[PDB]
Ligand code: CLA
Ligand code: CLA
Ligand code: CLA
Ligand code: CLA
Ligand code: CLA
Ligand SMILES: CC1=C(/C=C/C(C)=C/C=C/C(C)=C/C=C/C=C(C)/C=C/C=C(C)/C=C/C2=C(C)CCCC2(C)C)C(C)(C)CCC1
Ligand SMILES: CC1=C(/C=C/C(C)=C/C=C/C(C)=C/C=C/C=C(C)/C=C/C=C(C)/C=C/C2=C(C)CCCC2(C)C)C(C)(C)CCC1
Ligand SMILES: CC1=C(C/C=C(\C)CCC[C@H](C)CCC[C@H](C)CCCC(C)C)C(=O)c2ccccc2C1=O
Ligand code: SF4
Ligand code: SF4
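Residue numbers (PDB author numbering), protein chains in the order written: chain G, 25 to 184; chain L, 517 to 664; chain A, 370 to 443; chain V, 6 to 744; chain U, 2 to 81; chain E, 2 to 62; chain R, 4 to 133.
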């Protein structure tokens, strides 16, 4: 399909990889005894390996000639769960972190001892700001509009 | 593997450019030395004052960026040589599988292909590759003297 | 290929080093400025902090994520 | 109102916990730049600059020692708890030669359960190379319940040491005169601590370890072995194994000590069953050590008209060549903690290295000689600790010279006379270092270039120009002839390394004569050269710590400073700290070469398997003799060859070793950023980053500053040491566990 | 010999003069500051370039500046 | 400008260039740099105050 | 024991002057002390002052000045440093006008003073080929 890849559900090398891993795990399982915790752990390993391979097969995942899932990150929504949705999730979380950090910096920057409140965090104010970051996309595009997001010329510059 | 190594190459290019551009633009002065132009392109430092001013000259930016240029060219040449060794030997599947992780590089390029070179001379004999093993050790020695 | 790539890296580093030397000893702000306004080259020293900050951001971005993917695969 | 302690000196309060940097006069005002954060941790234990009173520094040191001992006790309790709960110690007891010791199981997350290896005995976990199983077996511990109780005792002891530290800083802190009773302290540490510890351990060995281990070697399973207390309440369970307890303590009090030859032997060699030292020999050794140390503890005058005064001993040792001699040394060592730390750390690291040597040389634990990973790990770890401690002793000698050295109090004594001719010492040490390096390494390079040129008869090899270590071979011959000639009451040599028979346990070689040839000559001279260069750096740091021809007032700049400036052609790293930094680098080099020599020589010419007919086959096959004489040989037949197991560990239970190999390479290369660069570039880059932050109104109030020059060097050396030592750690462990 | 220059931002706090290890700087009368004194560099032939002088300078970007130049046995700190 | 006034530093070779500081005292004598300004951010040398000329400071509204 | 009676009671160190301070220049520091205090040499170790005139020779001006700075801790202030060329060419150096350089003395002219701040320095491109 895309880039010459093929779905992993029809990739023979993918099933060969699964079979080889299961065979190695079973051979390891053979050298232990009865329902002893080592055998239980190896059986859990086998079950998890089978579940992971089955989930990857039924996941709209494209496999190359090596039988490994390749990620299609050109931007198409068909393979949108590989990069685009995790990209949105990370952008949300990281914007949350950056927004709460910036808000805390600007909030304790207007107190008597701004530097003290950076090594000794005001946990009440920190908790107040941190749970308010869920609106960071909206807060950012409400502070940029008011001109409160960017400094203009009070920023320092070197000699040249 | 080509994707990842191209991103590594892009990182190397960007970091070398960062060092060189920072040295060029900050050559005439900065906050730590707002009169750096009065000291010339290459000077040792401005002293231990103001927190310490090691490697503050523009020449030092070149000096630091030489390491990053060497690293970036090493990445580029490693990628090219491993790709073409796999292409010529026929085991292009070795690169396509092992080039996605660092241990793949270390084991299948360096450790694997260094065997003919180090056996250029052994306690049993030598080959026409003996000069290359001697140059290998010579390069390691000069590298570590640079470390000195 | 190795010889020419190493020569290429050397030449690029030399180009940037000589640009820095030009800034130190040959650049004249008066020539590159007309009535307060600065020309195309003198303006590179005005947003120099922006240029350096964004080069640093790109370098950190690429390094963090290339190393992250490589170590994840490892 | 006791005469030794002050009651309730410091109030137990949490107020100062909320004021970081309260100890320092400079840091108490609060952070203004990020340099304050780093200065906070760099001055935490520098009690000299926190108080102007030696009494307060001594009390802080005493409580810090208590905290450290509590930490050590907690670590030991954790080890015993892991042995009790997450180990296969019971399975290893019944099959020491076929079960690999494991005492740490790994949770099944993110696929990391592959690290749980097939250590044997129906167990999965990480193979343990600390030798705790062998130590516990030598202690007579035959059940995991005993390990649990030892862990509980360790926890109780750790709490006790924590309480002791709190008590002796906040409730009853000793006075300076109590700390300065060096005669009483030496008497107690020599008699009580050392001698009575040896005596108590000899008692434990005789009454618990001797019978239990004898029963274990006889084939008695641990379940039918009597509980250890039964060997004390019943004089018949121990009198069957050693038929001399039937006479009781009467032979001891009647001076008929010959009766106790059953369990106080002098045999030498190794136990043929376990491959370790005879535990009867060990008990006799500890008894003799106890008596010797108790006797040695009655030397210094403390509270009666009896004993020696160290001041009178030192002041009487003058000479024509040494002026006032040792006059003033007693005042130096009773008023400066740094001098005591220097001496103690140097001798402590040297002792650690000696311990490392004597460990593999004469394996003291059952079934530890045939556990090659344990032997390699123990040797390498102890040598590393010794090197670090020696560098620390040199560092604190330099610190004493900078801070606590008084010129007036040391007029024409040994310290003064050493400083007065420091040039001669350093110049001759420089010449010796150049001579040794030229010779050792250039003989290596000559061998390499002769081999590369196809001239095999021009090498410094055994089949060529030969450099036989005749002096060491003479000593080896003297030791193998000692039993019956110079040690007439010995039955076997102290170690089979000096010569004798091949000792094998379960077809695995425990010890064997270590032949010394031209390959050992070169590597021994390499060791001497590296040690001499490290000594050169550290001694130059100590002697030139106060002044020099460059900076006549270097003592006024302190122990830790980056430079004096770019003048005088450049005055980088003139400190004494910058000498402990370079000396750390050279100690890393020396110890790395030492452990490489040990690993290759043992694998190639000691360790291996013995065929039923007596044929010895080694791990590598004797390639050390002919291929360790060239640098290409070290690169190929040792590094490249034995790195195969590390690089091929992916997908196996040793994959963690490959991951740590790669990560240690990464950290070592990371160090070079700090080692090669300078502070100005990073400060000017932080300037642009701060510009971006200010543009986005997110510049921190604590101004971000690049790490100071000294801190940059410290970070570089710490990362370099961590990366190199971790790379060698992963390489050694993977190689010696795989094979 | 190195070059040492003094700038009128001098506040006459004398910290440069009492930090010079080779007696290069001295305090001379002046009328440009409250203290009525300014640093001078009349013995730059003894200047070693250690830059202790400008490590003790409290003014914003320094009032004493050391420009390293030609080297001499005095400026190189050679006891031999 | 006077004591307590807020000024912007116009000296280019300044750790507080383009930044705002508080005037501690303006000397009335014939000194070259009478204006003494205190800042919240310490410079690279650790100081937080400096003397400025009358043309190197601009009062904030 | 020693060549001159005013020398400090020093046992000699292999850190003193070399062949340079016999053909290029040597520096001598003189001072008078009330007590025979024990002080540390800038070169080697501990020496003993004379209760009176004291004279010491060094290879560098910095060594003599470090010794003088140490002398200030002994409440000694009258120390004076001279430069001696290969022959007896004595030149008073440290108390040049009899007043220490840290104290303002009339009769001193400013040397190396620029009537502007750092920002007034000329651009290097305008200082090419002179
Ligand atoms: C939490 C606040 C915060 C915010 C909003 C930003 C924002 C920014 N930083 Mg930044 N930074 C921060 C903290 C922050 N940083 C810290 C703590 C450090 C020290 C490690 C840095 C080091 C740093 C460098 C070296 C660079 C940036 C750069 C940048 C810019 C591009 C984004 C980027 O590369 O991310 C960079 C982010 C990191 C390197 C990791 C930050 C570390 C953690 C995740 C942040 C700290 C969280 C904090 C403890 C939360 C506490 C708040 C709570 C008490 C309420 C952007 C203006 C780049 C730039 O100038 O581009 C224009 C650049 O080169 N920053
Ligand atoms: C055609 C290209 C070209 C030209 C005309 C110049 C010309 C110049 N450069 Mg320049 N440069 C170049 C390329 C060039 N460079 C490149 C590619 C780089 C990057 C590496 C640099 C980096 C650079 C720096 C950093 C500096 C100059 C400087 C200078 C100026 C003085 C040069 C000098 O003093 O040489 C001195 C010559 C030497 C010290 C000889 C060095 C020889 C090296 C170490 C190689 C020799 C070892 C050899 C390989 C032995 C083999 C070992 C064996 C075992 C195999 C001069 C105007 C300097 C200056 O002040 O400019 C104003 C200065 O600071 N350049
Ligand atoms: C026979 C008496 C005796 C014994 C056994 C010890 C033993 C010890 N002393 Mg000690 N000491 C003694 C007498 C004694 N001292 C006297 C008379 C003085 C006064 C001059 C000192 C002054 C002194 C100082 C100043 C320091 C020590 C330290 C130490 C420890 C060294 C660390 C070590 O080797 O770890 C071995 C550890 C063990 C074997 C663990 C078990 C040891 C336990 C705690 C028994 C300790 C015996 C104790 C004195 C009994 C008092 C109980 C109390 C209720 C009165 C060690 C525990 C150092 C230390 O670490 O501080 C804590 C230290 O800094 N001692
Ligand atoms: C008995 C051992 C001992 C003791 C009591 C001391 C005590 C002291 N040393 Mg010292 N030292 C020692 C051993 C010791 N040292 C050794 C073995 C060395 C050689 C490396 C040194 C080298 C040394 C130097 C070079 C200096 C000191 C200094 C000091 C003083 C301040 C220490 C401080 O505040 O650090 C606080 C503690 C820290 C800052 C901890 C730093 C963290 C370390 C560096 C990294 C550890 C990594 C760890 C292994 C985990 C890595 C694993 C990784 C995967 C994460 C203090 C008197 C300093 C001083 O000024 O003395 C007056 C000083 O300049 N020492
Ligand atoms: C492989 C790299 C390397 C090498 C070769 C050396 C070599 C040396 N270091 Mg070291 N050093 C290194 C890395 C290295 N270092 C690093 C990375 C650091 C950073 C921490 C240091 C830090 C350091 C310190 C701090 C000190 C040394 C010292 C020494 C010298 C010890 C005396 C000696 O053996 O001289 C003999 C020279 C050699 C063994 C080098 C090889 C010479 C060959 C084999 C013989 C002669 C060849 C012949 C002349 C060639 C002629 C032909 C040619 C003209 C074409 C020696 C020159 C000490 C010193 O100054 O010397 C006493 C010292 O104090 N080093
Ligand atoms: C895709 C394509 C295309 C296009 C292409 C292009 C468009 C390219 C471009 C390219 C480019 C566009 C490149 C560039 C590069 C650049 C560079 C490489 C630069 C560098 C720089 C430097 C080095 C600088 C220097 C300096 C300084 C630093 C300052 C002073 C001055 C000077 C200048 C000296 C076509 C259509 C054709 C076709 C095919 C496809
Ligand atoms: C393992 C461990 C532990 C444990 C330990 C122990 C358990 C110990 C014990 C110890 C002991 C248990 C000791 C004992 C001792 C005793 C002694 C030391 C005694 C002595 C005696 C004597 C000396 C006497 C003498 C005499 C007299 C005086 C009189 C009569 C005569 C005679 C001669 C007999 C813990 C948990 C902590 C921690 C971890 C590790
Ligand atoms: C990068 C660099 C800096 C800048 C380095 C800085 C500012 C350190 C920043 C450390 C961050 C802020 C905290 C550490 C973050 C790590 C992720 C934590 C360590 C990892 C744990 C597992 C220990 C210097 O200041 C410097 C000074 C002198 C010589 C070389 C250098 C140098 O190379
Ligand atoms: S900064 Fe680096 S170079 Fe400049 S003086 Fe201090 S140490 Fe020497
Ligand atoms: S360098 Fe600075 S300190 Fe050293 S002498 Fe010249 S001026 Fe005085």
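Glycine residues also receive a C-beta, built at the ideal position from the N, C-alpha and C atoms.
DSSP three-state call for residue i: helix, strand or coil?
i                     : result
residue 661 (chain L) : helix
residue 72 (chain U)  : coil
residue 52 (chain E)  : strand
residue 551 (chain V) : coil
Applying the criterion that 16 or more other CB atoms from any shown protein chain within 10 Å of the CB defines a buried residue, is residue i buried or exposed?
i                     : result
residue 610 (chain V) : buried
residue 257 (chain V) : exposed
residue 669 (chain V) : buried
residue 266 (chain V) : exposed
residue 659 (chain L) : exposed
Leaving aside the five residues before and after residue i along the sequence, list all residues of the same chain whose C-beta is less than 7 Å from its C-beta, in chain order.
i                     : result
residue 603 (chain V) : 384
residue 745 (chain V) : Past the edges of chain V, shown from 6 to 744, lies residue 745 (chain V), and the structure says nothing about it.
residue 642 (chain L) : 636
Using a C-beta cutoff of 8 Å, does residue i count as contacting chain V?
i                     : result
residue 577 (chain L) : yes
residue 619 (chain L) : yes
residue 67 (chain G)  : no
Of all Cβ atoms in chain E, is any one closer than 8 Å to the Cβ of residue i?
i                     : result
residue 645 (chain L) : no
residue 35 (chain U)  : yes
DSSP puts residue i in a beta bridge; with which residues?
i                     : result
residue 96 (chain G)  : According to DSSP, residue 96 (chain G) bridges with nothing at all.
residue 30 (chain G)  : G:87
residue 328 (chain V) : V:324
Counting only the same chain and skipping the five closest in sequence on each side, list residues whose C-beta sits under 8 Å from that of residue i.
i                     : result
residue 581 (chain L) : 532, 535, 536, 539
With 8 Å set as the bound, which would you pick, yes or no: does the beta-carbon of residue i sit closer than that to a beta-carbon of chain R?
i                     : result
residue 429 (chain V) : yes
residue 403 (chain A) : no
Could you pull out every residue in the same chain whose Cβ sits closer than 6 Å to the Cβ of residue i, ignoring the five residues on either side in sequence?
i                     : result
residue 1 (chain E)   : There is no way to answer for residue 1 (chain E), as the model of chain E reaches only from 2 to 62.
residue 714 (chain V) : 567, 684
residue 577 (chain V) : 568
Residue i CB to nearest chain L CB: under 8 Å?
i                    : result
residue 60 (chain U) : no
Please confirm if residue i has its CB atom under 8 Å from at least one CB of chain G.
i                     : result
residue 418 (chain A) : yes
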